[PDB]
$ cat structure_34.tsv   # TSV, C-alpha atoms and all ligand atoms
chain	number	residue	atom	x	y	z
A	38	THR	CA	18.89	60.07	-41.32
A	39	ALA	CA	16.86	60.85	-44.46
A	40	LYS	CA	15.44	58.19	-46.77
A	41	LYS	CA	18.09	55.50	-46.38
A	42	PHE	CA	20.54	54.24	-49.00
A	43	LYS	CA	18.78	51.38	-50.80
A	44	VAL	CA	20.37	48.11	-51.95
A	45	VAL	CA	18.53	45.58	-54.10
A	46	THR	CA	19.92	42.07	-54.41
A	47	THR	CA	18.84	39.35	-56.77
A	48	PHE	CA	18.22	36.67	-54.14
A	49	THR	CA	17.93	36.17	-50.40
A	50	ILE	CA	21.40	34.87	-49.48
A	51	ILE	CA	23.04	38.06	-50.77
A	52	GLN	CA	20.33	40.13	-49.09
A	53	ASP	CA	21.16	38.71	-45.65
A	54	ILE	CA	24.95	39.02	-45.98
A	55	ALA	CA	24.57	42.59	-47.29
A	56	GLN	CA	22.13	43.57	-44.53
A	57	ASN	CA	24.60	42.41	-41.88
A	58	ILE	CA	27.22	44.69	-43.44
A	59	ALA	CA	24.73	47.56	-43.80
A	60	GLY	CA	23.42	47.42	-40.23
A	61	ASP	CA	20.82	50.15	-39.75
A	62	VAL	CA	22.29	52.70	-42.19
A	63	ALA	CA	20.92	51.11	-45.38
A	64	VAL	CA	17.90	49.05	-46.42
A	65	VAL	CA	18.60	45.81	-48.31
A	66	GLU	CA	15.85	43.99	-50.23
A	67	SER	CA	15.85	40.86	-52.41
A	68	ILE	CA	14.08	40.62	-55.77
A	69	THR	CA	13.26	36.93	-55.29
A	70	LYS	CA	11.18	35.84	-52.25
A	71	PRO	CA	12.06	33.07	-49.79
A	72	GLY	CA	11.43	29.67	-51.37
A	73	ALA	CA	11.41	30.79	-55.01
A	74	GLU	CA	13.61	29.08	-57.59
A	75	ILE	CA	16.35	31.60	-58.47
A	76	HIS	CA	18.18	30.27	-61.56
A	77	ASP	CA	15.25	30.59	-63.99
A	78	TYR	CA	13.19	33.16	-62.08
A	79	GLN	CA	10.89	35.21	-64.32
A	80	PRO	CA	11.06	38.90	-63.33
A	81	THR	CA	7.87	40.94	-63.32
A	82	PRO	CA	7.09	44.62	-63.95
A	83	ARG	CA	7.06	45.25	-60.21
A	84	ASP	CA	10.61	43.80	-60.06
A	85	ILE	CA	11.85	46.40	-62.58
A	86	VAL	CA	10.43	49.25	-60.47
A	87	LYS	CA	12.00	47.82	-57.31
A	88	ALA	CA	15.47	47.54	-58.84
A	89	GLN	CA	15.12	50.97	-60.48
A	90	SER	CA	14.47	52.42	-57.02
A	91	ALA	CA	17.80	51.17	-55.64
A	92	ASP	CA	21.03	53.08	-55.15
A	93	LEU	CA	23.00	49.89	-55.82
A	94	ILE	CA	22.19	46.43	-57.15
A	95	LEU	CA	24.05	43.29	-56.09
A	96	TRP	CA	24.02	39.99	-57.97
A	97	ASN	CA	25.95	36.75	-57.81
A	98	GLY	CA	27.31	36.45	-61.32
A	99	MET	CA	28.84	33.14	-62.41
A	100	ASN	CA	25.60	33.06	-64.50
A	101	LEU	CA	23.56	32.08	-61.45
A	102	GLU	CA	20.68	34.40	-62.31
A	103	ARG	CA	20.02	33.43	-65.95
A	104	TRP	CA	17.48	36.29	-66.01
A	105	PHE	CA	19.60	39.17	-64.67
A	106	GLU	CA	21.49	40.52	-67.67
A	107	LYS	CA	18.35	40.93	-69.79
A	108	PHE	CA	16.47	42.28	-66.75
A	109	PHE	CA	19.22	44.79	-65.97
A	110	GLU	CA	18.90	46.27	-69.48
A	111	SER	CA	15.63	47.88	-68.27
A	112	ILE	CA	17.37	49.62	-65.31
A	113	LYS	CA	19.00	53.03	-65.83
A	114	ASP	CA	21.56	54.92	-63.72
A	115	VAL	CA	21.86	52.28	-60.98
A	116	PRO	CA	25.30	50.72	-60.42
A	117	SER	CA	25.45	46.93	-60.12
A	118	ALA	CA	28.24	44.82	-58.59
A	119	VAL	CA	29.08	41.12	-58.96
A	120	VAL	CA	29.59	39.79	-55.45
A	121	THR	CA	31.65	36.75	-56.52
A	122	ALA	CA	34.46	38.91	-57.97
A	123	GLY	CA	37.78	37.23	-57.28
A	124	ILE	CA	36.33	33.79	-56.43
A	125	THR	CA	37.77	30.94	-58.48
A	126	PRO	CA	34.89	28.91	-59.96
A	127	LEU	CA	34.49	25.22	-59.75
A	128	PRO	CA	33.26	24.05	-63.18
A	129	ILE	CA	30.07	22.10	-63.68
A	130	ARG	CA	31.13	18.51	-64.38
A	131	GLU	CA	28.28	16.96	-66.48
A	132	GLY	CA	25.12	17.73	-68.44
A	133	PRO	CA	24.07	20.51	-70.82
A	134	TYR	CA	25.97	23.05	-68.67
A	135	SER	CA	29.20	21.05	-68.37
A	136	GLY	CA	32.15	23.44	-68.14
A	137	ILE	CA	30.10	26.48	-67.02
A	138	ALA	CA	30.88	27.95	-63.62
A	139	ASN	CA	29.13	26.24	-60.71
A	140	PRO	CA	27.50	29.41	-59.29
A	141	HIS	CA	26.85	28.20	-55.71
A	142	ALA	CA	30.09	29.70	-54.35
A	143	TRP	CA	28.48	30.96	-51.12
A	144	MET	CA	28.25	27.40	-49.73
A	145	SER	CA	31.94	27.64	-48.84
A	146	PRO	CA	32.25	29.90	-45.77
A	147	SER	CA	35.79	30.88	-46.83
A	148	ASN	CA	34.29	32.14	-50.11
A	149	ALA	CA	31.69	34.03	-48.09
A	150	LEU	CA	34.53	36.20	-46.74
A	151	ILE	CA	35.14	37.30	-50.35
A	152	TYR	CA	31.40	38.01	-50.79
A	153	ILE	CA	31.56	40.13	-47.64
A	154	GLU	CA	34.56	42.05	-48.92
A	155	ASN	CA	33.05	42.73	-52.36
A	156	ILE	CA	29.85	43.97	-50.72
A	157	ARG	CA	31.74	46.14	-48.19
A	158	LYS	CA	33.72	47.74	-51.02
A	159	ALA	CA	30.60	48.48	-53.07
A	160	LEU	CA	28.77	50.02	-50.10
A	161	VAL	CA	31.75	52.17	-49.11
A	162	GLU	CA	32.25	53.34	-52.70
A	163	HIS	CA	28.63	54.34	-53.37
A	164	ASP	CA	27.65	55.38	-49.82
A	165	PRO	CA	30.85	57.04	-48.54
A	166	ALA	CA	29.08	58.88	-45.71
A	167	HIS	CA	28.70	55.53	-43.91
A	168	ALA	CA	32.08	53.99	-44.78
A	169	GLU	CA	33.00	53.57	-41.10
A	170	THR	CA	29.77	51.73	-40.26
A	171	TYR	CA	30.19	49.40	-43.26
A	172	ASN	CA	33.85	48.71	-42.49
A	173	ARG	CA	33.08	47.99	-38.84
A	174	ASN	CA	30.10	45.75	-39.63
A	175	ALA	CA	31.99	43.82	-42.33
A	176	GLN	CA	34.93	42.99	-40.07
A	177	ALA	CA	32.56	41.93	-37.27
A	178	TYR	CA	30.49	39.77	-39.62
A	179	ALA	CA	33.58	38.23	-41.20
A	180	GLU	CA	34.67	37.15	-37.71
A	181	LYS	CA	31.30	35.44	-37.20
A	182	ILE	CA	31.76	33.51	-40.45
A	183	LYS	CA	35.30	32.41	-39.58
A	184	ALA	CA	34.05	31.15	-36.20
A	185	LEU	CA	31.85	28.56	-37.97
A	186	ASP	CA	34.74	26.44	-39.27
A	187	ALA	CA	35.53	24.59	-36.03
A	188	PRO	CA	31.94	23.66	-35.01
A	189	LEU	CA	31.07	22.69	-38.61
A	190	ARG	CA	34.08	20.40	-39.01
A	191	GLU	CA	33.46	18.91	-35.56
A	192	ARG	CA	29.80	18.28	-36.43
A	193	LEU	CA	30.94	16.22	-39.44
A	194	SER	CA	33.90	14.47	-37.78
A	195	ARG	CA	32.15	11.15	-37.06
A	196	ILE	CA	31.95	10.27	-40.79
A	197	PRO	CA	35.11	8.49	-42.04
A	198	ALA	CA	36.52	9.83	-45.30
A	199	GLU	CA	35.56	6.86	-47.50
A	200	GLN	CA	31.96	7.27	-46.31
A	201	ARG	CA	31.75	11.05	-46.96
A	202	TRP	CA	29.35	10.87	-49.90
A	203	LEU	CA	26.98	13.84	-50.30
A	204	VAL	CA	24.05	12.78	-52.51
A	205	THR	CA	21.69	15.64	-53.33
A	206	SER	CA	19.20	16.69	-56.01
A	207	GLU	CA	20.79	19.77	-57.57
A	208	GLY	CA	24.58	19.57	-57.61
A	209	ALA	CA	24.55	22.79	-55.59
A	210	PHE	CA	27.03	21.75	-52.88
A	211	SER	CA	30.34	21.42	-54.77
A	212	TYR	CA	31.97	24.25	-52.82
A	213	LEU	CA	30.82	22.95	-49.44
A	214	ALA	CA	31.84	19.41	-50.41
A	215	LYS	CA	35.32	20.55	-51.42
A	216	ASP	CA	35.77	22.43	-48.13
A	217	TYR	CA	34.80	19.46	-45.93
A	218	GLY	CA	36.10	16.56	-48.03
A	219	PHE	CA	32.87	15.05	-49.37
A	220	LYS	CA	32.39	13.35	-52.70
A	221	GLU	CA	29.33	14.76	-54.43
A	222	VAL	CA	26.63	12.87	-56.31
A	223	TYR	CA	23.56	14.61	-57.68
A	224	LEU	CA	20.38	14.03	-59.67
A	225	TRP	CA	21.05	17.04	-61.92
A	226	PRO	CA	24.15	19.25	-62.14
A	227	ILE	CA	22.40	22.69	-62.09
A	228	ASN	CA	18.76	23.79	-61.94
A	229	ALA	CA	17.31	24.12	-65.46
A	230	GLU	CA	14.72	22.75	-67.86
A	231	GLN	CA	16.74	19.77	-69.01
A	232	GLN	CA	16.92	16.19	-70.25
A	233	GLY	CA	18.55	13.45	-68.20
A	234	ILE	CA	15.66	13.18	-65.72
A	235	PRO	CA	15.59	9.36	-65.13
A	236	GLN	CA	18.99	8.36	-66.57
A	237	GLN	CA	20.89	10.22	-63.87
A	238	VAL	CA	18.38	8.88	-61.34
A	239	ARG	CA	19.48	5.30	-62.00
A	240	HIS	CA	23.15	6.17	-62.36
A	241	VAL	CA	22.75	7.66	-58.87
A	242	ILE	CA	20.79	4.59	-57.73
A	243	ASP	CA	23.82	2.58	-58.88
A	244	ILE	CA	26.45	4.69	-57.09
A	245	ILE	CA	24.47	4.26	-53.85
A	246	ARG	CA	24.97	0.49	-53.84
A	247	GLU	CA	28.70	0.12	-54.54
A	248	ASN	CA	29.40	2.58	-51.70
A	249	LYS	CA	26.44	1.79	-49.38
A	250	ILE	CA	25.59	5.48	-49.09
A	251	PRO	CA	23.07	5.66	-46.23
A	252	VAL	CA	21.28	8.94	-47.02
A	253	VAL	CA	20.15	11.18	-49.91
A	254	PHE	CA	18.78	14.73	-49.82
A	255	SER	CA	16.71	17.35	-51.63
A	256	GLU	CA	16.75	21.16	-51.46
A	257	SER	CA	14.28	23.82	-50.46
A	258	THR	CA	13.48	25.43	-53.83
A	259	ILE	CA	13.04	22.24	-55.90
A	260	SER	CA	10.95	19.07	-55.77
A	261	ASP	CA	11.75	16.28	-53.30
A	262	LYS	CA	10.11	13.58	-55.43
A	263	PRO	CA	13.28	12.42	-57.28
A	264	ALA	CA	15.27	12.19	-54.04
A	265	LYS	CA	12.40	10.36	-52.38
A	266	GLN	CA	12.19	7.94	-55.31
A	267	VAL	CA	15.93	7.28	-55.08
A	268	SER	CA	15.52	6.56	-51.37
A	269	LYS	CA	12.80	3.95	-51.99
A	270	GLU	CA	14.60	2.14	-54.83
A	271	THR	CA	17.68	1.94	-52.57
A	272	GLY	CA	17.95	1.18	-48.89
A	273	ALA	CA	18.84	4.82	-48.24
A	274	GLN	CA	16.99	7.17	-45.92
A	275	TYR	CA	15.60	10.39	-47.36
A	276	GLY	CA	17.43	12.96	-45.25
A	277	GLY	CA	16.63	16.34	-46.94
A	278	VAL	CA	15.57	19.21	-46.99
A	279	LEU	CA	18.87	21.11	-47.38
A	280	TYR	CA	19.05	24.89	-47.91
A	281	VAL	CA	21.31	26.46	-50.56
A	282	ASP	CA	19.43	28.65	-53.05
A	283	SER	CA	17.16	30.45	-50.60
A	284	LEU	CA	16.65	31.33	-46.98
A	285	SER	CA	13.39	30.53	-45.23
A	286	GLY	CA	10.93	33.17	-44.18
A	287	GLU	CA	11.97	35.33	-41.24
A	288	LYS	CA	10.08	33.05	-38.83
A	289	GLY	CA	11.20	29.79	-40.40
A	290	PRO	CA	14.11	27.48	-39.61
A	291	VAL	CA	16.67	29.19	-41.87
A	292	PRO	CA	16.26	32.99	-41.61
A	293	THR	CA	19.93	33.97	-42.15
A	294	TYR	CA	22.95	32.91	-44.17
A	295	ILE	CA	24.66	31.62	-41.01
A	296	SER	CA	21.58	29.53	-40.19
A	297	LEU	CA	21.65	28.17	-43.75
A	298	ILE	CA	25.23	26.89	-43.54
A	299	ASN	CA	24.71	25.51	-40.03
A	300	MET	CA	21.43	23.77	-40.73
A	301	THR	CA	22.68	22.27	-43.99
A	302	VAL	CA	25.74	20.74	-42.31
A	303	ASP	CA	23.65	19.68	-39.31
A	304	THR	CA	21.12	17.93	-41.57
A	305	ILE	CA	23.88	16.17	-43.50
A	306	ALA	CA	25.46	15.06	-40.22
A	307	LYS	CA	22.26	13.64	-38.75
A	308	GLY	CA	21.64	11.70	-41.96
A	309	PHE	CA	24.82	9.79	-41.12
B	401	ZN	ZN	30.64	50.72	-58.14
B	402	ZN	ZN	20.90	26.21	-57.40
$ encode --input "structure_34.tsv" --output "structure tokens" --more "lines below"
Ligand SMILES: [Zn+2]
Ligand SMILES: [Zn+2]
Amino acid sequence: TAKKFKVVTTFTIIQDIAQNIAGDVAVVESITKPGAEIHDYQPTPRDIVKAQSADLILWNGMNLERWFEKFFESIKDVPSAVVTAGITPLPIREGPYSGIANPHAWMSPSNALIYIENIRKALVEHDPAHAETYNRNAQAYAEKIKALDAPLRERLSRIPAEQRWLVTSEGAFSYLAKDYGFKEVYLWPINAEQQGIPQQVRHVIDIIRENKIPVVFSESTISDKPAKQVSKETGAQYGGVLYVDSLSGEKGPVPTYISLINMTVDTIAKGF
């Protein structure tokens, strides 16, 4: 038990999944902090040193971290692994990033089983001395993720199909919405400096009326003002905040990936 194998992840969701697989035999840290916007994060000098100190770096890919490839050029002799390997992307549907991969694949718990497996494989490959702890922890954690499907679907079962409209700020929920049969509407398709600020807002304001959508949400790393505006101009309640791009702090309401999925579905469900 020397100085432990060190994993650095780009953001907090991957950190929590990886730490569950690592147990107490490796130390997993995230470059971005709870609450920080992850798509256009601006790495600092202290971030370079942190990643350079790792034995393995994990990132999402599907161009989630617009900053990572240029950042990784400053890191030497540290293997990196894309934790979405083998996941089939849903494309972004509108806007300046139309046709790019929607990167938010972790919002489907069935996809999370593929995250777990890619992370297990990377740990076992680069830290073979603990292969049996990683393999044990991954199978146990995968069983915890599979056990969410029944309570999640039951939590959402009072909403008839025609009324399953999920109206959010970032279009970050496409994978969750596909899993549980929701139609998505969003104020912007992916986080970015972008045009389309008020024109989508009133296209959304329109969609709310033809379908009498009762609730609209925001997300924890972006501003709630557009969602709150859309709630006032319609008769819809502001239901947010939903969690997708970041966990909370350790003492907050969403300290783990499991708590993130559960609370997001629970908050959707109470909005209806
Ligand atoms: Zn490798
Ligand atoms: Zn996002």
$ residues_around --input "structure_34.tsv" --residues "stretch 223-225 of chain A" --least-positions-apart "6" --cutoff "6 Å" --atoms "only C-alpha atoms" --output "PyMOL selection string"
chain A and resi 204-208+237-238
$ atom_distance --input "structure_34.tsv" --atom1 "atom CA of residue A:140" --atom2 "atom CA of residue A:228"
10.7 Å
$ residues_around --input "structure_34.tsv" --residues "stretch 157-164 of chain A" --least-positions-apart "6" --cutoff "12 Å" --atoms "all atoms listed in the file" --output "ChimeraX atom specification"
/A:41-45,54-60,62-65,91-96,115-120,122,150-151,170-179
$ closest_atom_pairs --input "structure_34.tsv" --of "chain A" --to "ligand ZN 402 (chain B)" --cutoff "12 Å" --atoms "all atoms listed in the file" --output "tab-separated table"
residue	atom	partner	partner_atom	distance
A:48	CA	B:ZN402	ZN	11.3
A:50	CA	B:ZN402	ZN	11.7
A:72	CA	B:ZN402	ZN	11.7
A:73	CA	B:ZN402	ZN	10.8
A:74	CA	B:ZN402	ZN	7.8
A:75	CA	B:ZN402	ZN	7.1
A:76	CA	B:ZN402	ZN	6.4
A:77	CA	B:ZN402	ZN	9.7
A:78	CA	B:ZN402	ZN	11.4
A:97	CA	B:ZN402	ZN	11.7
A:99	CA	B:ZN402	ZN	11.7
A:100	CA	B:ZN402	ZN	10.9
A:101	CA	B:ZN402	ZN	7.6
A:102	CA	B:ZN402	ZN	9.6
A:103	CA	B:ZN402	ZN	11.2
A:129	CA	B:ZN402	ZN	11.8
A:138	CA	B:ZN402	ZN	11.9
A:139	CA	B:ZN402	ZN	8.9
A:140	CA	B:ZN402	ZN	7.6
A:141	CA	B:ZN402	ZN	6.5
A:142	CA	B:ZN402	ZN	10.3
A:143	CA	B:ZN402	ZN	10.9
A:144	CA	B:ZN402	ZN	10.7
A:205	CA	B:ZN402	ZN	11.4
A:206	CA	B:ZN402	ZN	9.8
A:207	CA	B:ZN402	ZN	6.4
A:208	CA	B:ZN402	ZN	7.6
A:209	CA	B:ZN402	ZN	5.3
A:210	CA	B:ZN402	ZN	8.8
A:211	CA	B:ZN402	ZN	10.9
A:223	CA	B:ZN402	ZN	11.9
A:225	CA	B:ZN402	ZN	10.2
A:226	CA	B:ZN402	ZN	9.0
A:227	CA	B:ZN402	ZN	6.1
A:228	CA	B:ZN402	ZN	5.6
A:229	CA	B:ZN402	ZN	9.1
A:255	CA	B:ZN402	ZN	11.4
A:256	CA	B:ZN402	ZN	8.8
A:257	CA	B:ZN402	ZN	9.9
A:258	CA	B:ZN402	ZN	8.3
A:259	CA	B:ZN402	ZN	8.9
A:279	CA	B:ZN402	ZN	11.4
A:280	CA	B:ZN402	ZN	9.8
A:281	CA	B:ZN402	ZN	6.9
A:282	CA	B:ZN402	ZN	5.2
A:283	CA	B:ZN402	ZN	8.8
$ atom_distance --input "structure_34.tsv" --atom1 "atom CA of residue A:67" --atom2 "atom CA of residue A:287"
13.1 Å
$ closest_residue --input "structure_34.tsv" --among "A:51, A:203, A:278, A:273" --to "residue A:156" --atoms "only C-alpha atoms"
A:51
$ closest_residue --input "structure_34.tsv" --among "A:166, A:189, A:284, A:182" --to "residue A:213" --atoms "all atoms listed in the file"
A:189
$ residues_around --input "structure_34.tsv" --residues "residue A:202" --least-positions-apart "5" --cutoff "7 Å" --atoms "only C-alpha atoms" --output "compact mmCIF listing (two decimals) with C-alpha atoms, keeping the file's coordinate frame"
# COMPACT_ATOMS: atom_id res chain seq x y z
CA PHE A 219 32.87 15.05 -49.37
CA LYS A 220 32.39 13.35 -52.70
CA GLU A 221 29.33 14.76 -54.43
CA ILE A 250 25.59 5.48 -49.09
$ atom_distance --input "structure_34.tsv" --atom1 "atom CA of residue A:297" --atom2 "atom CA of residue A:52"
13.2 Å
$ closest_residue --input "structure_34.tsv" --among "A:79, A:155, A:38, A:47" --to "ligand ZN 401 (chain B)" --atoms "all atoms listed in the file"
A:155
$ residues_around --input "structure_34.tsv" --residues "residue A:246" --least-positions-apart "5" --cutoff "12 Å" --atoms "all atoms listed in the file" --output "list in words"
residues 202, 239, 240, 241, 251, 252, 267, 268, 270, 271, 272 and 273 of chain A
$ write_last_selection --input "structure_34.tsv" --atoms "C-alpha atoms" --output "mmCIF file, keeping the file's coordinate frame"
data_model
loop_
_atom_site.group_PDB
_atom_site.id
_atom_site.type_symbol
_atom_site.label_atom_id
_atom_site.label_comp_id
_atom_site.auth_asym_id
_atom_site.auth_seq_id
_atom_site.Cartn_x
_atom_site.Cartn_y
_atom_site.Cartn_z
ATOM 1 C CA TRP A 202 29.350 10.870 -49.900
ATOM 2 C CA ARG A 239 19.480 5.300 -62.000
ATOM 3 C CA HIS A 240 23.150 6.170 -62.360
ATOM 4 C CA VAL A 241 22.750 7.660 -58.870
ATOM 5 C CA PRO A 251 23.070 5.660 -46.230
ATOM 6 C CA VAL A 252 21.280 8.940 -47.020
ATOM 7 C CA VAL A 267 15.930 7.280 -55.080
ATOM 8 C CA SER A 268 15.520 6.560 -51.370
ATOM 9 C CA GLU A 270 14.600 2.140 -54.830
ATOM 10 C CA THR A 271 17.680 1.940 -52.570
ATOM 11 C CA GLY A 272 17.950 1.180 -48.890
ATOM 12 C CA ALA A 273 18.840 4.820 -48.240
#
$ closest_residue --input "structure_34.tsv" --among "A:187, A:127, A:253, A:305" --to "residue A:148" --atoms "all atoms listed in the file"
A:127
$ closest_residue --input "structure_34.tsv" --among "A:113, A:153, A:286, A:303" --to "residue A:71" --atoms "all atoms listed in the file"
A:286
$ closest_residue --input "structure_34.tsv" --among "A:308, A:263, A:80, A:197" --to "residue A:107" --atoms "only C-alpha atoms"
A:80
